[PDB]
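Only one chain is given next, in structure tokens, and it is the form deposited in one PDB entry.
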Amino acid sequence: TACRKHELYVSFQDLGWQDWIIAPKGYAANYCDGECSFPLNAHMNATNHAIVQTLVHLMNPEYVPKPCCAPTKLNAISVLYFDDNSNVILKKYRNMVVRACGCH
């Protein structure tokens, strides 16, 4: 249960685009989850602030929370879809897929 990438497939049908969209029908979003605690590394899986915040949190747990597990690397996906007129449109959406997670 440490801060890590969890798999998550998201279907455009559930997002309301089942009409326009030709392909893909969904994509692997994934998501970051898990607790942020030592060991931490300001050059890989954390920031300085996260480290300092963790320390401060350990010696004051009620008032200051742990940092939270969030993406460090996101990828784009491309979708092909229909228009009013039968226009086939290819469109790239950035920061759509989680590839890596870290404590922030």
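By rigid core we mean the largest C-alpha set that fits within 1.5 Å across both forms. Sequential numbering from 1, following the sequence displayed.
Another form exists, deposited in another entry; not displayed. Remarks below refer to it.
Of the candidates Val52, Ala42, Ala28, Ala76, the Cα that moves 2 angstroms or more after core superposition between the shown form and the other one belongs to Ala42 alone. Annotation for the pair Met44/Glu35: C-alpha atoms approach each other in the other form, by 3 Å or more compared with this form. Here's the thing about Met44 and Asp33: their CA atoms end up at least 3 Å closer in the other form than they are in this form.
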